[PDB]
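**Student:** Chains A and B, in that order, give the protein sequences. Numbering-wise, the first sequence is residues 1 to 545, 551 to 1140 according to the deposited numbering. Numbering-wise, the second sequence is residues 64 to 341, 358 to 428 according to the deposited numbering. To start, I am sharing the structure in question, which I have written as structure tokens.
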Amino acid sequence: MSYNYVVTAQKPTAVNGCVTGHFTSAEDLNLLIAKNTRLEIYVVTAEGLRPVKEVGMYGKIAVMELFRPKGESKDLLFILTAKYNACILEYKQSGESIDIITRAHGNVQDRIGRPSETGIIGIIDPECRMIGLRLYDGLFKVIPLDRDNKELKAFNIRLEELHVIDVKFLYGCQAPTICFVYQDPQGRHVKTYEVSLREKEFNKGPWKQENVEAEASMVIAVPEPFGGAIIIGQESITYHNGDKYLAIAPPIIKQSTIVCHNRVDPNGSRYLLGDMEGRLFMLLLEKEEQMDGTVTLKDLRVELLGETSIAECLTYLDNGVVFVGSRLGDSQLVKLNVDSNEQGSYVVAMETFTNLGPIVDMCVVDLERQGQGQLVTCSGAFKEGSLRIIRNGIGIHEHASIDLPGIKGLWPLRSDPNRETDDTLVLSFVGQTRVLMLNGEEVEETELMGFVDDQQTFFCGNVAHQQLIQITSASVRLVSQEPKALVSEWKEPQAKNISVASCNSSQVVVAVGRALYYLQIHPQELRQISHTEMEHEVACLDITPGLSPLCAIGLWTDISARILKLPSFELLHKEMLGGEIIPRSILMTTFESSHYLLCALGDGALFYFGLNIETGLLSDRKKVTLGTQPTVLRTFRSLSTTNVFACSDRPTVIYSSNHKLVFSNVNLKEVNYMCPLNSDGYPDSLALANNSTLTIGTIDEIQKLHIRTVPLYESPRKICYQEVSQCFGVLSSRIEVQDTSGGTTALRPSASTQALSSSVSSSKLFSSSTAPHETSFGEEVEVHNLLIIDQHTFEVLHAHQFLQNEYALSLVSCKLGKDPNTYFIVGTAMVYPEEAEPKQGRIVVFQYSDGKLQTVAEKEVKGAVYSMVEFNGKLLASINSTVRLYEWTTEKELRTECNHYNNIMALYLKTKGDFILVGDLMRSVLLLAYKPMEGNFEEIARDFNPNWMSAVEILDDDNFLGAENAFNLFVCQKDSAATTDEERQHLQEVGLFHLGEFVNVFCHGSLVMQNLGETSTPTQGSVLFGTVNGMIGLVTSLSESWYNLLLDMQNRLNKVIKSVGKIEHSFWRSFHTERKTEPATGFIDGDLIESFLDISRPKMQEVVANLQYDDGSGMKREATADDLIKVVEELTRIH
Amino acid sequence: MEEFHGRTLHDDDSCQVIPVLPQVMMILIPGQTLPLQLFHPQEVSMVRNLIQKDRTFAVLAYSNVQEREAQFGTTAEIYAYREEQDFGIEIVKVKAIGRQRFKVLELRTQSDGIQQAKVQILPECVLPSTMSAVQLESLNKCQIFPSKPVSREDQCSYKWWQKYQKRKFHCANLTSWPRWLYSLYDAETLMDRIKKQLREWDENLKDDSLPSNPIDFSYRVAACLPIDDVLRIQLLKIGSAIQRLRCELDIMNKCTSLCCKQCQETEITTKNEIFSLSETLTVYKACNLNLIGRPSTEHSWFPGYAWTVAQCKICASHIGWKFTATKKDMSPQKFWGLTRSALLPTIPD
Ligand SMILES: [Zn+2]
């Protein structure tokens, strides 16, 4: 009844576990990184990481360890899913095709059992005799490893100790022994068991039950010859080996808790340790006692190698290179030149992988192109929080720069034997034309003998017959190749100035006034072939190849496109293209894998058309609005097939994917004229020039999202956009320590201590207050700021710091009431540790004027303002449990208008029109309507279902979307039936889906251009969402017939496509919860449908063996495997 | 008597047919023993037959006593039974404990005299920790806290609770909400707060008296706290432990009028005026109290505080003493140091 369609416009980026081994080949050193579902296999080389494969698994990688069972060459890969799907994958490549086959697959869930709060632990015997798994408390599930165990048949073993923290398998033992730390009322102990597969029960461990620190965090099993185990907590590392027991309490690991570890030596003599605050230690084992050949520990020194990103999974590659994979920071590659000591730190960063981190709030802003949105997200946390600006455009990597005096056209000229290289490019100045010759990166301009020195040459291409033609307004000069001297002059009989000249491989047309002349290039000579007259002046002309069967001309006096015979004077067709302005560029292109000719008007708009190579002209009326500036369309050889670059205020690149063109915006401010140049200096480049200067570089493939990061060294919490002020407003938090002198001290220079105009909130509306439990030494205190960040330079213009013990929660920019100016309205909450639920808060209204953040209004409320939105000029606040509506008076003071008291906590406010949607963490979705006649809220609907809800959004007047526990997405719907005046008060739940991600933020908008297309698209609307792992999604509705077609096609693809681990799709996407599981409905997996363009045509045939395809008809043929390509290609453009 | 030790539980979200006890008129929250003496021969025979078969009965909590219509009820399993013929009446005394909560799907009147109802047992859903969806993998090993120390030396255990909040909700900085908000939806934190604000009305040893399970504790607190019946039905309709605990906090923070015990009808003072400048509850102001005796200041804890005996107006029972200043420049002038157990808080309507 909803008919949605959910797709992912950016794969997840937060690394949640990485592991190195010999996976792809017996000699390679791989590196596998799991994100949630994105298992990325890199091969470690000398310079860094060379990606090799990237496979999408149908689950959240919760366990991943490479093991090599005896009798195999390269390692296998055991992967467990958060839905308890266990698979053993093997790498398999056949020359060029790479496949991840599955050697065993099963589901290792139990029918009953509360999952362990410490989470899944997946550990493996060093001898590859078994795989232990802790899923539920007091139960250790052992998987034997046999060649005939293709279903992974596991058995449980009871654990007498319920609260197990960390468990591992020891080294150098006959039977497989496990050692683990467990919590009992006495304290924390470490115990070892032996596991026998025959008996299927635990035995007596090698050691005895010892006693360890009350906060001993984790166990790490030391290899032979050391053996034993190392247990590290917060103040001591203790090594146990039965009769041996070493304990160290170093004074450097006191500040933070070690959370991650790795081993850098094969013999286990040094270990890497990372803690919460992003600091990299190194545990050194001293084996200086070789008393009887064996090796025993003597000392346990802990070094300190410096500071890195906030680590989540260390990994030591070869040659002192460490991959400090970060879950909330950004993945790194630090080099441990432990002899550097540049400033005391032995780590130096090498690379940095993009990580959109915990997206906590986003906003869509029309910043520059005014046609396409740009997403701005508050990414990261703690010392690596930042702002990411995400834009959808074909990126251009510029490698060369040069300054030109407003050059308005360039052309490569070759004056050498043919070597696919041009040693010079002629640029068209205002009056002259200076050609720059650059064997390397030269900038000097050299006048060609065969080209006019100062005549403002217009066309200078690679003419045929081993000649170079430099056609100008005065006369056309053709020079030879080897002689390099003027060998032909083709002057007009009237000696007039040709406005626009068309050049081809061997035929050249010169248009003067309303007359045109066509000539054919001859060896060392120029011969005029024909002349013709036109009704109106020829503003532009270009014949695309040889001999062109047709010639296109734009009438200056009529603004119409006329196609005729290029080697003759016979007209073929004509079309008046609007007539608003004279067209500035007309060309014919083969980028559509066919013959097509499109012309660009002077206003930037291009009317599409489809030409015929042999004979025939069409119209194909279709408007593309490139911008509001003249455009000179060109083509570059360094392309897929041809491409078409349209230089303007908003440059575009037109490329055809299957049967329709796509105009991808370029990543540049504005370009005046571009030309291909596949020269030695920059192979496969495209030299572009603008009103300022010129540059050269390469162009990316297509439509890849580009992310610009702006660091803050703080935790950003919220963000809005104020259009009039051209600036952003972002709440941020900085952590400070309690100082001995009385006050708070900052750890590092953040982005709020380094603002231009830093103020401090002094509007102590209340006074006195209470704090009998005053903060002591060393405690951490969060200090909040409102930052006013610019929209162009992205610098903080103001950092207004709020009061003490004041958590600033919400933030809205709007024009309240009838005021002509905008405001920043921030709702805060005074939180003291003694009090549990805050009782005091504020709604402070700032106004950023003239570079100063002045507090305009003020208001005190008896609670915490959790959320705020705007009605039509009236603020709508949520104070604890009540929803209040504030009307902005003329005297600049918020005035209450109406109240609505809830039994729930009004924690999510989302509105449209007059409908208000109120929610809380317990998924108590509630609806309200504003009655203008009465002024008071009326409760229209209600939906109560106890479960943890993460976000909420309005899709329409009817559908209300939201997120829900265990990473699910749901969609409610109101009305219908209207049976007993009580069903209209209830919200039917129509859509369910297992997204697999924790959605933080929902926001309307889309990242594609607004080409209307008259008929529009089947998908109506677009709702982006942002999650913890760092993916951007997109939910868009669908018509019912489209939903039926795509659901049937989904069921058909499930039988053809092969998953990794052989997880059936419908089980991955089932609405998963700890107590019940129901199939997905009302949601279409965008990734699965868009995968229809990856499978082969032979595989595509049986996907569509017997289908309907509708399309204004019945069941025409079987969709022919081309109608559905059109459908999926249309669906791809949305994200 | 006859003792039954077996424990059985019907499947949740499933229907069952049970008879309705007509003598029972109050809501029996599960876990609360409700002894009943039955003397009607039909009811006695039915109870004996049930005890032979299942010893399971139904109690319907009617919203309106006159209407006798209930949209929810409870199921009770007999724990002890003793049927004896006394004074010509076969009186059966049965001590029963609530087991499950039932919503009355359809109740009809049987010809035997009792009324039979087919009802679907509501499911008491239990939720995972709010941080389990986003908790970092490396921080999994830090979820276990080193026990729960408590002592008079630690007094309020303030530092321990900050440490618990900071360590458990560490990943709340990956989400748009702060940690002090998630601490409002924690089962352990809410149980601790209920214990703390129940110690201010009685000084019982809650370290053993109250259960350590959110479900059991939630029912016990719903049973103990004194309110009217309709809010007990409201607390019963709640389907989750977290929501029930939050509702109980709301009810406890709603009542602020410290009425007398014994009387249970007069208003001694209000929680708003608590002279916490300097056990016993100190109230800066009071009303509807009768002071008698003499200002005997012998062995007074508070310097400059002479006290006299006090009574309500009717109850005439001692509830405390209105300490009076022994110096001209002493504030407060008169503060009532009432006894905690002498007052029963009620909703200030
Ligand atoms: Zn009284």
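For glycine and all other residues, C-beta sits at the position ideal for the given N, C-alpha and C.
Nearest chain B C-beta to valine 836 of chain A closer than 8 angstroms, yes or no?
**Tutor:** The residue you call residue 836 of chain A lines up with position 831 of the first sequence. Taking Cβ atoms only, chain B reaches closer than 8 angstroms to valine 836 of chain A, which makes this a yes.
**Student:** Three-state secondary structure (DSSP) at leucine 644 of chain A?
**Tutor:** Here residue 644 of chain A refers to the residue found at position 639 of the first sequence. If DSSP states are grouped into helix, strand and coil, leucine 644 of chain A belongs with coil.
**Student:** In chain order, what residues of the same chain lie with their CB nearer than 7 angstroms to the CB of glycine 205 of chain A, ignoring the 5 residues before and after it?
**Tutor:** One-based indexing of the first sequence puts residue 205 of chain A at position 205. The residues are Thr177, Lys191, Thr192, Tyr193, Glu194.
**Student:** For the candidate residues A/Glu994, A/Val52, A/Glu525, A/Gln809, whose alpha-carbon lies nearest to that of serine 773 of chain A?
**Tutor:** Looking up residue 773 of chain A in the first sequence gives position 768. The option with the nearest alpha carbon to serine 773 of chain A is A/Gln809.
**Student:** Residues of chain A with a CB under 7 angstroms from the CB of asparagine 203 of chain B: which are they?
**Tutor:** Locating residue 203 of chain B in the second sequence gives position 140, where the first residue counts as 1. Per Cβ cutoff of 7 angstroms: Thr118, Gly119.
**Student:** Output the boundary residues of the alpha helix (DSSP H) element that contains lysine 491 of chain A.
**Tutor:** On the first sequence, position 491 is the one that residue 491 of chain A refers to. It is not in any alpha helix (DSSP H) - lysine 491 of chain A carries neither H nor E in the DSSP assignment.
**Student:** Note the first and the last residue of the continuous beta strand (DSSP E) segment covering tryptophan 415 of chain B.
**Tutor:** Your numbering for residue 415 of chain B matches position 336 in the second sequence. Where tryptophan 415 of chain B is concerned, the enclosing beta strand (DSSP E) stretches over 413-418.
**Student:** Determine the chain A residues that contact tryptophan 243 of chain B at a beta-carbon separation under 7 angstroms, and present them in chain order.
**Tutor:** On the second sequence, residue 243 of chain B is found 180 positions in, with the first residue counted as 1. What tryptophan 243 of chain B touches in chain A: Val836.
**Student:** Can you name the start and end residues of the alpha helix (DSSP H) that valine 107 of chain B belongs to?
**Tutor:** Translated into the one-based positions of the second sequence, residue 107 of chain B becomes position 44. 104-116 is the span of the alpha helix (DSSP H), which, as asked, contains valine 107 of chain B.
**Student:** Does at least one heavy atom of ligand 1 sit under 7 angstroms from the Cβ of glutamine 325 of chain B?
**Tutor:** For the purposes of this step, residue 325 of chain B is taken as residue 262 along the second sequence, with counting starting at 1. Answer for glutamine 325 of chain B: yes, Cβ within range of ligand 1.
**Student:** Could you tell me which of A/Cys903, A/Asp855, A/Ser94, A/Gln481 sits nearest to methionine 938 of chain A, measuring between CA atoms?
**Tutor:** In the first sequence, the residue the question calls residue 938 of chain A occupies position 933. The candidate whose alpha carbon is nearest that of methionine 938 of chain A is A/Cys903.
**Student:** Does the Cβ-Cβ distance between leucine 858 of chain A and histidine 789 of chain A come in under 8 angstroms?
**Tutor:** Within the first sequence, residue 858 of chain A is the residue found at index 853, counting from 1. Within the first sequence, residue 789 of chain A is the residue found at index 784, counting from 1. No, these two residues do not count as a Cβ contact at 8 angstroms.
**Student:** In three-state DSSP terms, what is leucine 1051 of chain A?
**Tutor:** Against the first sequence, residue 1051 of chain A aligns to sequence position 1046. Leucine 1051 of chain A falls in the helix class under three-state DSSP.
**Student:** Are at least three pairs of beta-carbons, each pair with one atom in the region 252-261 of chain A and one in the region 229-237 of chain A, less than 8 angstroms apart?
**Tutor:** With the cut-off at 8 angstroms, the region 252-261 of chain A and the region 229-237 of chain A touch.
**Student:** List the endpoints of the continuous beta strand (DSSP E) containing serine 94 of chain A.
**Tutor:** Locating residue 94 of chain A in the first sequence gives position 94, counting from the first residue. Where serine 94 of chain A is concerned, the enclosing beta strand (DSSP E) stretches over 85-94.
**Student:** In terms of DSSP beta bridges, what is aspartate 146 of chain A paired with?
**Tutor:** Here the question's residue 146 of chain A lines up with position 146 in the first sequence. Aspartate 146 of chain A is not bridged to any residue.
**Student:** Check this for me: beta carbons of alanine 34 of chain A and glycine 17 of chain A, under 8 angstroms apart or not?
**Tutor:** Position 34 of the first sequence, counting from 1, holds the residue named residue 34 of chain A. Position 17 of the first sequence, counting from 1, holds the residue named residue 17 of chain A. Result yes, Cβ atoms of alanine 34 of chain A and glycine 17 of chain A sit closer than 8 angstroms.
**Student:** Rounded to whole angstroms, what is the Cα-Cα separation between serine 217 of chain A and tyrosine 660 of chain A?
**Tutor:** Residue numbering aside, residue 217 of chain A sits at position 217 when the first sequence is read from its first letter. Residue numbering aside, residue 660 of chain A sits at position 655 when the first sequence is read from its first letter. Taking the straight line from one Cα to the other gives about 56 angstroms.
**Student:** Output, in chain order, the set of chain A residues within a Cβ distance shorter than 7 angstroms of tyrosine 221 of chain B.
**Tutor:** Mapped onto the second sequence, residue 221 of chain B falls at position 158. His778, listed in chain order.
**Student:** Taking only three categories from DSSP, how would you classify residue 19 of chain B?
**Tutor:** With chain B covering 64 to 428 only, the question about residue 19 of chain B has no answer from this structure.
**Student:** Hey, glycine 393 of chain A and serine 669 of chain A: beta-carbon distance below 8 angstroms or not?
**Tutor:** Numbered from 1 along the first sequence, position 393 holds the residue referred to as residue 393 of chain A. Numbered from 1 along the first sequence, position 664 holds the residue referred to as residue 669 of chain A. Yes; because the gap between Cβ atoms is below 8 angstroms, this pair is in contact.
**Student:** Using only the heavy atoms of ligand 1, determine whether one of them is closer than 7 angstroms to the beta carbon of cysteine 391 of chain B.
**Tutor:** Sequence index remark: in the second sequence, residue 391 of chain B carries index 312 (1-based). Yes, the beta carbon of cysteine 391 of chain B sits closer than 7 angstroms to at least one heavy atom of ligand 1.
**Student:** Do residue 1142 of chain A and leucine 931 of chain A have their CB atoms nearer than 8 angstroms?
**Tutor:** Past the edges of chain A, shown from 1 to 1140, lies residue 1142 of chain A, and the structure says nothing about it.
**Student:** Using 8 angstroms as the Cβ pair cut-off and three pairs as the minimum, do the region 113-131 of chain A and the region 160-179 of chain A touch?
**Tutor:** Contact between the region 113-131 of chain A and the region 160-179 of chain A is present, because at least three Cβ pairs lie under 8 angstroms.
**Student:** Give, in chain order, every unbroken run of the alpha helix (DSSP H) that is at least 4 residues long and sits entirely within the region 245-329 of chain B.
**Tutor:** Whole alpha helix (DSSP H) segments, 4+ residues: 250-262, 269-272, 277-287, 292-300, 304-317.
**Student:** For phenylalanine 451 of chain A, I'd like the list of residues in its chain whose CB is within less than 6 angstroms of its CB, leaving aside the five on either flank, ordered along the chain.
**Tutor:** Taking the first sequence and counting its residues from 1, one reaches residue 451 of chain A at position 451. Closer than 6 angstroms at Cβ, skipping near neighbours: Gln470.
**Student:** Of the residues A/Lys11, A/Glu288, A/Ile794, which one's Cα is nearest the Cα of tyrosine 726 of chain A?
**Tutor:** Position 721 of the first sequence, counting from 1, holds the residue named residue 726 of chain A. The shortest Cα separation from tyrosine 726 of chain A among A/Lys11, A/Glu288, A/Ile794 belongs to A/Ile794.
**Student:** Scan the region 823-877 of chain A and note each continuous beta strand (DSSP E) run of 3 residues or more that stays entirely inside, going in chain order.
**Tutor:** As far as the region 823-877 of chain A is concerned, its whole beta strand (DSSP E) runs of at least 3 residues are 828-835, 846-854, 857-862, 870-876.
**Student:** Quick one: which chain B residues come within Cβ less than 7 angstroms of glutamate 215 of chain A?
**Tutor:** For the purposes of this step, residue 215 of chain A is taken as residue 215 along the first sequence, with counting starting at 1. Correct list: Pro209.
**Student:** Please list the residues of the region 187-200 of chain B that have a C-beta atom closer than 9 angstroms to any C-beta atom in chain A, keeping them in chain order.
**Tutor:** Within the region 187-200 of chain B, the qualifying residues are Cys188, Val189, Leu190, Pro191, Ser192, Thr193, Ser195, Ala196, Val197, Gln198, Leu199, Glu200.
**Student:** Check whether the Cβ of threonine 329 of chain B sits closer than 7 angstroms to any heavy atom of ligand 1, and report yes or no.
**Tutor:** The count along the second sequence starts at 1 and reaches residue 329 of chain B at position 266. For ligand 1, at least one heavy atom lies less than 7 angstroms from the Cβ of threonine 329 of chain B.
**Student:** Closest to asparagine 1016 of chain A by C-alpha separation, out of A/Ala511, A/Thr630, A/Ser345, A/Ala400, would be which residue?
**Tutor:** Residue numbering aside, residue 1016 of chain A sits at position 1011 when the first sequence is read from its first letter. It is A/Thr630 whose Cα lies nearest to the Cα of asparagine 1016 of chain A.
**Student:** Please report the distance separating the alpha-carbon of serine 320 of chain B from that of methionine 109 of chain B.
**Tutor:** Counting from 1 along the second sequence, the entry for residue 320 of chain B is found at position 257. Counting from 1 along the second sequence, the entry for residue 109 of chain B is found at position 46. Roughly 45 angstroms between the two C-alpha positions.
**Student:** Assign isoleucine 1068 of chain A to one of three DSSP states: helix, strand, or coil.
**Tutor:** By 1-based counting over the first sequence, the position of residue 1068 of chain A is 1063. Here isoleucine 1068 of chain A sits in coil by DSSP.
**Student:** On a Cα-Cα basis, can you pick out the residue from A/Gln290, A/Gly329, A/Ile707 that is closest to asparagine 1034 of chain A?
**Tutor:** Residue mapping note: residue 1034 of chain A aligns to position 1029 of the first sequence, counting from 1. Taking only the C-alpha atoms, the option nearest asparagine 1034 of chain A is A/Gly329.
**Student:** Specify whether the region 1125-1135 of chain A and the region 1094-1104 of chain A touch according to this definition: at least 3 beta carbon pairs, one from each stretch, less than 8 angstroms apart.
**Tutor:** Taking 8 angstroms as the limit for Cβ pairs, the verdict is that the region 1094-1104 of chain A does touch the region 1125-1135 of chain A.
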